[PDB]
Amino acid sequence: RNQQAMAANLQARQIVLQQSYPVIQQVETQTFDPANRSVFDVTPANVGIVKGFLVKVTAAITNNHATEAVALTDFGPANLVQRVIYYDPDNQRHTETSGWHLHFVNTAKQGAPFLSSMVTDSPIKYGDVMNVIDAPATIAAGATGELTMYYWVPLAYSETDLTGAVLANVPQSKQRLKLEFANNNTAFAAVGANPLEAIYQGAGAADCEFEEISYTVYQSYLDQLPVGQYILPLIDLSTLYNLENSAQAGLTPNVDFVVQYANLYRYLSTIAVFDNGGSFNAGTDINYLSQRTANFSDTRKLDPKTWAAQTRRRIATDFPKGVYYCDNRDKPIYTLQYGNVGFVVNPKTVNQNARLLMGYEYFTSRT
Amino acid sequence: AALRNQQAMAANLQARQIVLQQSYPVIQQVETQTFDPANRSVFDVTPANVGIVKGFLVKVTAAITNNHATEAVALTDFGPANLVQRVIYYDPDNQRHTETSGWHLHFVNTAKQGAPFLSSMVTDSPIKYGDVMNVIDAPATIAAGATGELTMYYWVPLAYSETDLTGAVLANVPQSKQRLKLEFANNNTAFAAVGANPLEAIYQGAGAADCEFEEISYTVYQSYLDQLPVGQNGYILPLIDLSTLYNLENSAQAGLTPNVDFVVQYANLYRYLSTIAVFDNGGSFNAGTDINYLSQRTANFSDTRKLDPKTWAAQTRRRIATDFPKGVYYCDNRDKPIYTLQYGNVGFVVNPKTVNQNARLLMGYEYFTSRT
Amino acid sequence: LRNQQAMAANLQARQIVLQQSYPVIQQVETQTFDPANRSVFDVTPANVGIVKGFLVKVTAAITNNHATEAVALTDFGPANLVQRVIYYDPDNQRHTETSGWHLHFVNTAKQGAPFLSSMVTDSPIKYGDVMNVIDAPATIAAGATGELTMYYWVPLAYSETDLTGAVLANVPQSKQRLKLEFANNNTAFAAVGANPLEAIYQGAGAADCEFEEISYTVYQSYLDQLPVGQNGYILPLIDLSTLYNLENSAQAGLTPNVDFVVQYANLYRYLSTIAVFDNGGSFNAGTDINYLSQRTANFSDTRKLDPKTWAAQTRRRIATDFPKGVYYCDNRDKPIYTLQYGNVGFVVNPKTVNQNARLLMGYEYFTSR
């Protein structure tokens with residue numbers, strides 16, 4: 001009955017991918033000073049099957065301190081967008097997460113730092129030519145820096161898997177893409193302050209100001225949808241593919257800190273950021289990390305370097321200090337199919353105000 | 001009866017499979033030569049007529065001396081990719097396949113590899129991997145009185161890939177030779193004076209007038225399939241594969257005006273897999289700053305990807321893991337080739353922000369087409 | 001064609017197993033020791049489900065107790081922390097038996113990039129070498145102590161999705177044996193002028209370098225909750241009865257400008273070949289070689305190429321070059337099988353041959369038990 005439903009969906013998906021034509025087009029641009037406004041509600045266009053949004057973000061920042069500079073934080077330009085929230089034409093919320101978490105998922109799905117330029121020995125002048133994602137390492141006292149950042153906000157899982165896409169052929173009922181940008185308070189961290197959400201940190205932080213930020217949203221969708229008597233993958237279009245994040249506190253030295261997957265959700269990936277009191281360490285404050293089921297079954301209890309080794313196989317490098325990734329794409333964590341599962345971190349040292357920022361990528365049935 | 005087609009397709013696929021399973025791949029040298037570009041620079045190579053030919057790997061080396069008393073020269077953006085100026089291939093029936101510039105062929109080699117062709121990636125590995133063998137290499141500058149050594153490789157494709165033989169050539173034994181023509185760089189194309197257009201040059205600088213090749217040398221390796229499988233009906237072969245042309249060609253168009261859409265029409269018949277547009281802004285090559293946007297559209301005013309230069313570059317970063325050189329723009333249509341007939345006329349669009357004198361768009365295309 | 005049945009069946013059982021079992025990676029052993037006391041260890045894997053391989057983590061602290069002279073990493077560096085590996089399955093059949101450097105080069109070939117490396121990019125976001133997964137200081141100055149980390153994957157199964165070579169460790173009696181021979185104070189340090197092939201550091205202070213200590217941790221990767229069907233467990237019988245092994249050998253007798261041929265044996269389906277030209281302790285970037293090739297019985301070469309062009313094919317495989325004097329050959333799609341087409345040999349025609357020259361060969365292959 002469902003075995004048949006599954007097959008029909010996949011076939012409709014296949015026909016839709018074969019007959020419709022992919023389009024990516026600008027839906028809105030705005031230039032502004034976050035000192036004036038930092039939250040914008042973009043109204044996507046209602047056209048065919050929407051797969052996602054590519055959001056271009058640029059900014060000019062000035063360090064007016066008399067003598068001190070500021071330097072990029074570990075997340076840097078990824079913190080230009082503080083949060084993103086999307087609602088479909090039914091006002092059903094899909095993704096709702098931080099710019100840094102969205103960016104880390106973009107990297108994970110690309111298999112390499114998102115839209116980066118790889119360095120090679122080629123004498124031909126390939127390289128960072130176009131500065132697609134870019135930000136100066138430091139901004140000296142009295143200097144102005146230019147930054148460029150891109151985020152892909154997904155609806156559909158991928159280019160070929162339309163699970164999570166949105167049918168937006170629904171006139172009168174619009175979608176909504178909420179972008180909440182960085183501002184002078186969030187973007188600059190004083191020495192000693194927590195740099196988690198900031199773009200720059202340093203002794204010149206107090207006198208740093210955005211001169212402006214601008215964004216351009218491009219909506220990617222499928223046009224010329226195939227018609228029989230309309231071919232649509234009904235499971236695909238009624239599943240939500242979402243990203244979300246949360247914070248957890250309560251870490252104690254040498255004790256297993258467990259974060260339950262309160263599932264029914266099919267978790268494709270998990271990111272755990274160990275914000276150790278504003279301190280971000282390269283695994284030295286952790287004994288091990290693991291994923292486990294009640295049955296004390298640790299399917300992957302690993303020391304930090306070996307955990308990182310698994311990630312190097314996924315994105316060809318390490319995520320920034322204190323950021324840990326876990327891929328469960330092929331076999332998504334689904335609790336009422338494996339029984340309560342949890343993500344575990346056993347800290348070796350815990351600073352005051354220590355916490356785990358959890359980011360999840362998952363599928364779930366709509367309505 | 002459009003079944004005849006889907007029938008022929010299935011048989012072509014079937015045979016391609018059998019041919020790939022049964023035959024055995026060989027790569028062998030067909031010719032090597034060292035010469036002085038002052039004496040000659042155009043060569044016609046006669047490949048061996050054996051089995052099904054997939055392509056040619058062309059190794060080129062050169063020694064260049066900057067004889068200037070005081071000034072240096074530095075690599076242009078294309079650099080060693082300009083060691084071969086033009087490449088043209090003719091099959092045993094004398095039908096032309098690829099006919100393009102060395103730089104265009106190279107950018108396509110890169111596009112198809114998914115990274116700068118034959119480059120050595122840099123990593124944190126303590127083990128001594130790296131640029132050990134200098135496969136594609138050229139000194140960044142050649143000082144006054146110094147001699148630099150360069151190495152460049154080009155893959156001239158007949159077959160689309162190692163597993164897709166569309167475009168491959170049966171070097172039967174028509175007693176009709178194939179021909180691979182190579183027009184190399186020479187002392188008049190390789191060196192650009194300051195202020196001169198660097199497009200086709202290898203080095204540019206104040207010492208350019210006194211630069212010369214000591215020698216250029218090339219080696220052509222032919223890649224083919226041997227031991228072709230025979231059945232009852234005789235030799236089993238994907239006749240659609242073998243009767244299709246997979247070619248690269250380039251062209252030039254002028255007439256750009258600031259803020260006006262400059263449209264290059266795609267021709268009919270051809271199924272365009274990729275498009276490269278080089279904005280030679282009168283000898284100036286800029287990192288997108290002289291362009292408003294680029295697009296692909298249908299006369300039906302429908303742009304399927306009208307994008308600002310940075311967002312266009314972002315798409316390319318997804319394909320080759322980096323940016324192509326300044327002023328070089330890439331467009332991948334591999335999954336759904338541009339085909340005017342299944343879509344109506346289509347054109348590649350560039351709306352320039354600034355246009356210098358003698359501005360032009362150099363177009364490079366990868367496409368499939370029927371022998372008839 | 002009654003074999004198409006068996007194969008068709010094997011492939012189906014493979015998919016069911018992959019689809020139904022759940023992957024586990026777990027520590028089976030950890031140990032710290034002083035190479036001065038012992039350097040050979042026999043690890044005993046857990047006998048659970050289908051075993052795919054072992055991830056071996058190795059850390060070491062090396063002290064250069066020399067008065068004034070430093071030492072610098074050799075081309076292989078930390079890849080020589082493990083000198084050799086040998087694996088015996090529950091039926092006492094050996095699988096891999098090779099050098100640590102050969103195993104490491106195969107790990108790289110299979111990943112398609114230097115194994116567990118961190119690629120450098122222009123990203124402003126701080127990705128990079130954050131965790132030093134495989135790491136070793138370029139030099140250890142007189143009086144200093146350096147910390148190294150190395151990882152090796154010992155394969156049983158060919159890949160995550162191809163279980164050819166995997167081991168059913170339900171077979172209880174007879175434990176499996178994972179034997180590891182580590183570097184020690186005699187193999188890790190080469191004096192200037194000495195052959196650096198097996199060493200980790202080479203230099204004027206080598207004679208006074210020593211291991212402060214070495215430590216290792218073996219993680220076993222396997223499939224659990226095997227699917228049970230009508231007539232019992234659903235298993236890919238062809239996969240589980242095929243051996244996927246890496247092995248090394250050495251050959252000498254090279255003469256300038258003469259083809260040196262190393263014959264491939266029959267029965268084995270060789271997936272890859274690695275040839276290291278240890279030219280009397282000197283390792284050159286192709287300049288001591290005229291060409292390399294793979295040749296058939298009587299016919300000619302199917303790959304006679306100059307060293308740079310040979311290196312070009314490798315660049316398409318691992319996105320970079322292997323260290324000096326190390327040559328790779330991928331035959332994964334059409335394995336070399338002498339039964340398929342007469343004896344085949346690997347050929348190296350050397351340009352210059354030093355005293356004590358030799359080719360150190362490394363092979364990856366499939367064979368039935």
# chains A, B, ... in the order shown; residues from 1 in each chain; ligands from 1
$ interface_residues --of "chain C" --to "chain B" --cutoff "8 Å" --atoms "only C-alpha atoms" --output "ChimeraX atom specification"
/C:74-79,114,117-120,129,134-138,285-286,301-305,308-309,311-312,315-316,319-324
$ write_last_selection --atoms "N, CA and C atoms" --output "CSV table (one decimal), in the first residue's frame"
chain,number,residue,atom,x,y,z
C,74,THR,N,61.4,12.7,6.9
C,74,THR,CA,61.8,12.1,5.6
C,74,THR,C,60.5,12.3,4.7
C,75,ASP,N,60.5,11.8,3.5
C,75,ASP,CA,59.4,11.9,2.6
C,75,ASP,C,58.1,11.2,3.1
C,76,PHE,N,58.3,10.1,3.8
C,76,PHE,CA,57.2,9.3,4.3
C,76,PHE,C,56.8,9.7,5.7
C,77,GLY,N,57.8,10.3,6.5
C,77,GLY,CA,57.5,10.8,7.8
C,77,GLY,C,56.7,10.0,8.8
C,78,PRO,N,55.6,10.5,9.3
C,78,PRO,CA,54.8,9.7,10.2
C,78,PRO,C,54.1,8.4,9.7
C,79,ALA,N,54.1,8.3,8.3
C,79,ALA,CA,53.6,7.1,7.7
C,79,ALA,C,54.5,5.9,8.1
C,114,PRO,N,45.3,12.9,-0.3
C,114,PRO,CA,46.1,12.5,0.9
C,114,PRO,C,45.2,12.1,2.0
C,117,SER,N,43.7,14.2,5.2
C,117,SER,CA,44.3,15.5,5.1
C,117,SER,C,43.3,16.6,5.2
C,118,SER,N,43.8,17.9,5.5
C,118,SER,CA,42.9,19.0,5.5
C,118,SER,C,43.4,19.9,4.3
C,119,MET,N,42.4,20.0,3.4
C,119,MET,CA,42.6,20.8,2.1
C,119,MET,C,42.7,22.3,2.5
C,120,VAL,N,43.6,23.0,1.8
C,120,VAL,CA,43.7,24.4,2.1
C,120,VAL,C,42.8,25.2,1.1
C,129,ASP,N,43.5,23.2,9.5
C,129,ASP,CA,44.1,22.2,10.3
C,129,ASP,C,43.8,22.5,11.7
C,134,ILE,N,46.4,14.0,11.2
C,134,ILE,CA,47.6,13.3,10.8
C,134,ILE,C,48.6,14.5,10.8
C,135,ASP,N,49.6,14.4,11.7
C,135,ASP,CA,50.5,15.6,12.0
C,135,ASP,C,51.9,15.2,12.4
C,136,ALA,N,52.9,15.9,12.0
C,136,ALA,CA,54.3,15.7,12.5
C,136,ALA,C,55.1,17.0,12.3
C,137,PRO,N,55.9,17.4,13.2
C,137,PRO,CA,56.7,18.6,13.0
C,137,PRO,C,57.7,18.4,11.9
C,138,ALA,N,57.8,19.4,11.0
C,138,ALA,CA,58.8,19.3,9.9
C,138,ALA,C,60.2,19.1,10.3
C,285,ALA,N,62.5,12.7,-8.3
C,285,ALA,CA,61.2,13.0,-9.0
C,285,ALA,C,61.3,12.7,-10.5
C,286,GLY,N,61.3,11.4,-10.8
C,286,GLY,CA,61.3,10.9,-12.2
C,286,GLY,C,62.5,11.1,-13.0
C,301,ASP,N,53.2,-2.7,-24.7
C,301,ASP,CA,52.8,-2.0,-23.6
C,301,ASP,C,51.4,-1.4,-23.8
C,302,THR,N,50.6,-1.3,-22.7
C,302,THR,CA,49.3,-0.7,-22.8
C,302,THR,C,49.3,0.6,-22.1
C,303,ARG,N,50.5,1.0,-21.6
C,303,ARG,CA,50.7,2.2,-20.8
C,303,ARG,C,52.2,2.6,-20.8
C,304,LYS,N,52.9,2.6,-21.8
C,304,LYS,CA,54.3,3.0,-21.7
C,304,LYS,C,54.3,4.6,-21.7
C,305,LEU,N,54.7,5.2,-20.6
C,305,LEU,CA,54.6,6.6,-20.4
C,305,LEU,C,55.9,7.2,-19.8
C,308,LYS,N,56.6,12.1,-16.2
C,308,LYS,CA,55.7,13.2,-16.0
C,308,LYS,C,54.2,12.8,-16.4
C,309,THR,N,54.1,12.1,-17.5
C,309,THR,CA,52.8,11.7,-18.0
C,309,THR,C,52.2,10.6,-17.2
C,311,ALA,N,52.8,10.5,-14.0
C,311,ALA,CA,52.4,11.3,-12.8
C,311,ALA,C,51.1,12.0,-13.1
C,312,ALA,N,50.9,12.4,-14.3
C,312,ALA,CA,49.6,13.1,-14.7
C,312,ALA,C,48.4,12.2,-14.4
C,315,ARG,N,47.7,12.2,-10.9
C,315,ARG,CA,47.1,13.5,-10.4
C,315,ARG,C,45.6,13.5,-10.5
C,316,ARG,N,45.1,12.7,-11.5
C,316,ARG,CA,43.6,12.6,-11.7
C,316,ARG,C,43.0,11.7,-10.7
C,319,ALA,N,44.6,13.9,-6.8
C,319,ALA,CA,44.6,15.3,-6.8
C,319,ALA,C,46.0,16.0,-6.5
C,320,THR,N,47.0,15.2,-6.5
C,320,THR,CA,48.4,15.6,-6.2
C,320,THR,C,49.4,14.5,-6.6
C,321,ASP,N,50.6,14.7,-6.3
C,321,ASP,CA,51.7,13.7,-6.6
C,321,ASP,C,52.0,12.9,-5.4
C,322,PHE,N,52.4,11.6,-5.5
C,322,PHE,CA,52.8,10.8,-4.3
C,322,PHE,C,54.3,11.4,-4.1
C,323,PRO,N,54.9,11.1,-3.0
C,323,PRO,CA,56.2,11.6,-2.7
C,323,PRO,C,57.3,11.1,-3.8
C,324,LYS,N,58.4,11.7,-3.8
C,324,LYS,CA,59.5,11.4,-4.7
C,324,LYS,C,59.8,10.0,-4.9
$ select_by_dssp --residues "segment 215-356 of chain C" --states "helix (DSSP H, G or I)" --output "JSON, numbers by chain"
{"C": [237, 238, 239, 240, 307, 308, 309, 310, 311, 312, 313, 314, 315, 316, 317, 318, 338, 339, 340, 341]}
$ residues_around --residues "residue 110 of chain A" --least-positions-apart "5" --cutoff "10 Å" --atoms "only C-alpha atoms" --output "ChimeraX atom specification"
/A:104-105,115,314-315 /B:318
$ write_last_selection --atoms "N, CA and C atoms" --output "mmCIF file, in the first residue's frame"
data_model
loop_
_atom_site.group_PDB
_atom_site.id
_atom_site.type_symbol
_atom_site.label_atom_id
_atom_site.label_comp_id
_atom_site.auth_asym_id
_atom_site.auth_seq_id
_atom_site.Cartn_x
_atom_site.Cartn_y
_atom_site.Cartn_z
ATOM 1 N N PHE A 104 27.286 25.876 8.159
ATOM 2 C CA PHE A 104 27.983 24.612 8.363
ATOM 3 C C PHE A 104 27.280 23.472 7.627
ATOM 4 N N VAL A 105 25.957 23.521 7.529
ATOM 5 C CA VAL A 105 25.263 22.477 6.777
ATOM 6 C C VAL A 105 25.559 22.659 5.283
ATOM 7 N N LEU A 115 31.362 27.119 -1.128
ATOM 8 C CA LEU A 115 31.764 28.098 -2.150
ATOM 9 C C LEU A 115 33.181 28.619 -1.963
ATOM 10 N N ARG A 314 34.373 13.728 5.266
ATOM 11 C CA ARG A 314 33.151 14.370 4.774
ATOM 12 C C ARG A 314 33.333 15.749 4.114
ATOM 13 N N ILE A 315 34.143 16.617 4.718
ATOM 14 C CA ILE A 315 34.308 17.966 4.168
ATOM 15 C C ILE A 315 35.732 18.322 3.791
ATOM 16 N N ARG B 318 31.106 25.834 -7.494
ATOM 17 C CA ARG B 318 30.466 24.546 -7.205
ATOM 18 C C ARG B 318 30.915 23.506 -8.225
#
$ closest_residue --among "B:187, B:76, B:274, B:298" --to "chain A" --atoms "only C-alpha atoms"
B:76
$ interface_residues --of "chain A" --to "chain C" --cutoff "6 Å" --atoms "only C-alpha atoms" --output "PyMOL selection string"
chain A and resi 74-76+116-119+134-135+282+299-300+305+312+316-320
$ write_last_selection --atoms "C-alpha atoms" --output "PDB file, in the first residue's frame"
ATOM      1  CA  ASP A  74      36.203  31.583  14.027  1.00  0.00           C
ATOM      2  CA  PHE A  75      32.793  31.958  12.297  1.00  0.00           C
ATOM      3  CA  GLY A  76      33.507  35.437  10.897  1.00  0.00           C
ATOM      4  CA  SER A 116      35.451  28.191  -1.203  1.00  0.00           C
ATOM      5  CA  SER A 117      38.379  28.393  -3.614  1.00  0.00           C
ATOM      6  CA  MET A 118      40.790  25.432  -3.185  1.00  0.00           C
ATOM      7  CA  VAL A 119      44.515  26.321  -3.372  1.00  0.00           C
ATOM      8  CA  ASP A 134      35.402  36.759   1.735  1.00  0.00           C
ATOM      9  CA  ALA A 135      36.333  38.969   4.719  1.00  0.00           C
ATOM     10  CA  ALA A 282      40.333  22.119  19.352  1.00  0.00           C
ATOM     11  CA  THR A 299      27.637   2.928  17.869  1.00  0.00           C
ATOM     12  CA  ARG A 300      30.560   5.410  17.676  1.00  0.00           C
ATOM     13  CA  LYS A 305      40.803  13.412  16.932  1.00  0.00           C
ATOM     14  CA  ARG A 312      37.752  15.114   7.402  1.00  0.00           C
ATOM     15  CA  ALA A 316      38.014  17.466   3.373  1.00  0.00           C
ATOM     16  CA  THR A 317      39.072  19.575   6.373  1.00  0.00           C
ATOM     17  CA  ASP A 318      38.102  20.315  10.040  1.00  0.00           C
ATOM     18  CA  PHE A 319      35.152  22.525  11.109  1.00  0.00           C
ATOM     19  CA  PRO A 320      36.295  25.475  13.326  1.00  0.00           C
TER      20      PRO A 320
END
$ residues_around --residues "residue 182 of chain A" --least-positions-apart "2" --cutoff "10 Å" --atoms "only C-alpha atoms" --output "count of residues only"
23
$ closest_atom_pairs --of "chain A" --to "chain B" --cutoff "9 Å" --atoms "only C-alpha atoms" --output "Markdown table"
| residue | atom | partner | partner_atom | distance |
| --- | --- | --- | --- | --- |
| A:21 | CA | B:304 | CA | 8.3 |
| A:22 | CA | B:304 | CA | 7.1 |
| A:23 | CA | B:304 | CA | 4.7 |
| A:24 | CA | B:305 | CA | 5.1 |
| A:25 | CA | B:305 | CA | 5.9 |
| A:26 | CA | B:307 | CA | 7.6 |
| A:54 | CA | B:311 | CA | 8.7 |
| A:56 | CA | B:311 | CA | 7.4 |
| A:110 | CA | B:318 | CA | 8.0 |
| A:112 | CA | B:321 | CA | 8.8 |
| A:114 | CA | B:318 | CA | 8.5 |
| A:115 | CA | B:317 | CA | 5.7 |
| A:116 | CA | B:322 | CA | 6.7 |
| A:117 | CA | B:322 | CA | 4.0 |
| A:118 | CA | B:322 | CA | 5.8 |
| A:119 | CA | B:122 | CA | 5.8 |
| A:120 | CA | B:121 | CA | 4.3 |
| A:121 | CA | B:120 | CA | 5.3 |
| A:122 | CA | B:119 | CA | 5.3 |
| A:123 | CA | B:137 | CA | 5.7 |
| A:124 | CA | B:78 | CA | 5.2 |
| A:125 | CA | B:77 | CA | 5.0 |
| A:126 | CA | B:324 | CA | 5.0 |
| A:127 | CA | B:323 | CA | 5.6 |
| A:128 | CA | B:323 | CA | 6.3 |
| A:129 | CA | B:323 | CA | 5.9 |
| A:130 | CA | B:287 | CA | 5.7 |
| A:131 | CA | B:310 | CA | 7.5 |
| A:132 | CA | B:310 | CA | 5.8 |
| A:133 | CA | B:314 | CA | 8.7 |
| A:150 | CA | B:314 | CA | 8.6 |
| A:218 | CA | B:307 | CA | 8.7 |
| A:317 | CA | B:123 | CA | 8.9 |
$ select_by_dssp --residues "segment 87-238 of chain B" --states "strand (DSSP E or B)" --output "MDAnalysis selection string"
chainID B and resid 87:90 96:101 121 123 130 137 141:142 147:157 169:170 179:184 191:192 203:204 211:226 230 235
$ residues_around --residues "segment 58-67 of chain C" --least-positions-apart "4" --cutoff "8 Å" --atoms "only C-alpha atoms" --output "list in words"
residues 71, 81, 140, 141, 142, 143, 144, 145, 146, 147, 148, 149, 150, 151, 205, 206, 207, 208, 209, 210, 211, 212, 213, 214, 215, 216 and 217 of chain C
$ atom_distance --atom1 "atom CA of residue 70 of chain A" --atom2 "atom CA of residue 325 of chain A"
28.4 Å
$ residues_around --residues "residue 262 of chain A" --least-positions-apart "2" --cutoff "9 Å" --atoms "only C-alpha atoms" --output "list in words"
residues 259, 260, 264, 265, 335, 340, 341 and 342 of chain A
$ write_last_selection --atoms "C-alpha atoms" --output "PDB file, in the first residue's frame"
ATOM      1  CA  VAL A 259      21.269  15.333  24.460  1.00  0.00           C
ATOM      2  CA  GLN A 260      18.229  13.231  23.596  1.00  0.00           C
ATOM      3  CA  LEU A 264       9.735  11.077  15.335  1.00  0.00           C
ATOM      4  CA  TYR A 265      12.036  13.314  13.203  1.00  0.00           C
ATOM      5  CA  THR A 335      13.886   7.077  17.669  1.00  0.00           C
ATOM      6  CA  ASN A 340      15.650   6.858  22.423  1.00  0.00           C
ATOM      7  CA  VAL A 341      18.978   7.864  20.953  1.00  0.00           C
ATOM      8  CA  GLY A 342      21.174  10.609  22.293  1.00  0.00           C
TER       9      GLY A 342
END
$ closest_residue --among "C:241, C:139, C:92, C:39" --to "residue 367 of chain C" --atoms "only C-alpha atoms"
C:241
$ closest_residue --among "B:172, B:296, B:250, B:41" --to "residue 184 of chain B" --atoms "only C-alpha atoms"
B:41
$ atom_distance --atom1 "atom CA of residue 223 of chain A" --atom2 "atom CA of residue 344 of chain B"
15.9 Å
$ closest_residue --among "B:95, B:356, B:217, B:372" --to "residue 62 of chain B" --atoms "only C-alpha atoms"
B:217
$ atom_distance --atom1 "atom CA of residue 357 of chain C" --atom2 "atom CA of residue 252 of chain C"
6.4 Å
$ residues_around --residues "residue 82 of chain C" --least-positions-apart "6" --cutoff "7 Å" --atoms "only C-alpha atoms" --output "JSON, numbers by chain"
{"C": [100, 180, 181, 182, 183]}
$ write_last_selection --atoms "C-alpha atoms" --output "mmCIF file, in the first residue's frame"
data_model
loop_
_atom_site.group_PDB
_atom_site.id
_atom_site.type_symbol
_atom_site.label_atom_id
_atom_site.label_comp_id
_atom_site.auth_asym_id
_atom_site.auth_seq_id
_atom_site.Cartn_x
_atom_site.Cartn_y
_atom_site.Cartn_z
ATOM 1 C CA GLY C 100 52.881 0.880 6.966
ATOM 2 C CA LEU C 180 51.297 -4.394 14.288
ATOM 3 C CA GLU C 181 55.005 -3.777 14.177
ATOM 4 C CA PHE C 182 55.909 -0.212 15.152
ATOM 5 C CA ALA C 183 58.920 1.956 14.440
#
$ decode --residues "segment 152-166 of chain B" --atoms "N, CA and C atoms" --output "PDB file, in the first residue's frame"
ATOM      1  N   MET B 152      53.119  21.806 -19.929  1.00  0.00           N
ATOM      2  CA  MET B 152      51.684  21.952 -20.076  1.00  0.00           C
ATOM      3  C   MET B 152      51.082  20.673 -20.671  1.00  0.00           C
ATOM      4  N   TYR B 153      49.857  20.332 -20.282  1.00  0.00           N
ATOM      5  CA  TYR B 153      49.195  19.149 -20.851  1.00  0.00           C
ATOM      6  C   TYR B 153      47.819  19.557 -21.307  1.00  0.00           C
ATOM      7  N   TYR B 154      47.401  18.976 -22.426  1.00  0.00           N
ATOM      8  CA  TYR B 154      46.062  19.201 -22.949  1.00  0.00           C
ATOM      9  C   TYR B 154      45.476  17.824 -23.283  1.00  0.00           C
ATOM     10  N   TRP B 155      44.197  17.642 -22.970  1.00  0.00           N
ATOM     11  CA  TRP B 155      43.519  16.420 -23.372  1.00  0.00           C
ATOM     12  C   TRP B 155      42.585  16.849 -24.511  1.00  0.00           C
ATOM     13  N   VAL B 156      42.809  16.289 -25.703  1.00  0.00           N
ATOM     14  CA  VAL B 156      41.965  16.598 -26.846  1.00  0.00           C
ATOM     15  C   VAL B 156      40.962  15.443 -26.879  1.00  0.00           C
ATOM     16  N   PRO B 157      39.694  15.706 -26.524  1.00  0.00           N
ATOM     17  CA  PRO B 157      38.719  14.611 -26.529  1.00  0.00           C
ATOM     18  C   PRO B 157      38.018  14.308 -27.847  1.00  0.00           C
ATOM     19  N   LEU B 158      37.740  13.024 -28.070  1.00  0.00           N
ATOM     20  CA  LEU B 158      36.923  12.588 -29.212  1.00  0.00           C
ATOM     21  C   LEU B 158      35.668  12.077 -28.445  1.00  0.00           C
ATOM     22  N   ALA B 159      35.877  11.038 -27.619  1.00  0.00           N
ATOM     23  CA  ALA B 159      34.826  10.456 -26.774  1.00  0.00           C
ATOM     24  C   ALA B 159      34.496  11.477 -25.674  1.00  0.00           C
ATOM     25  N   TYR B 160      33.243  11.507 -25.226  1.00  0.00           N
ATOM     26  CA  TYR B 160      32.863  12.462 -24.182  1.00  0.00           C
ATOM     27  C   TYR B 160      33.572  12.196 -22.845  1.00  0.00           C
ATOM     28  N   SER B 161      33.731  10.924 -22.489  1.00  0.00           N
ATOM     29  CA  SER B 161      34.408  10.557 -21.252  1.00  0.00           C
ATOM     30  C   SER B 161      34.926   9.129 -21.378  1.00  0.00           C
ATOM     31  N   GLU B 162      35.476   8.589 -20.298  1.00  0.00           N
ATOM     32  CA  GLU B 162      35.993   7.224 -20.326  1.00  0.00           C
ATOM     33  C   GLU B 162      34.850   6.209 -20.376  1.00  0.00           C
ATOM     34  N   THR B 163      33.673   6.598 -19.909  1.00  0.00           N
ATOM     35  CA  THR B 163      32.539   5.686 -19.903  1.00  0.00           C
ATOM     36  C   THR B 163      31.428   6.038 -20.885  1.00  0.00           C
ATOM     37  N   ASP B 164      31.502   7.218 -21.491  1.00  0.00           N
ATOM     38  CA  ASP B 164      30.496   7.613 -22.462  1.00  0.00           C
ATOM     39  C   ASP B 164      31.254   7.845 -23.770  1.00  0.00           C
ATOM     40  N   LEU B 165      31.112   6.904 -24.705  1.00  0.00           N
ATOM     41  CA  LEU B 165      31.819   6.979 -25.968  1.00  0.00           C
ATOM     42  C   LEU B 165      31.217   7.875 -27.055  1.00  0.00           C
ATOM     43  N   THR B 166      30.198   8.657 -26.706  1.00  0.00           N
ATOM     44  CA  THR B 166      29.618   9.575 -27.681  1.00  0.00           C
ATOM     45  C   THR B 166      30.768  10.463 -28.181  1.00  0.00           C
TER      46      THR B 166
END
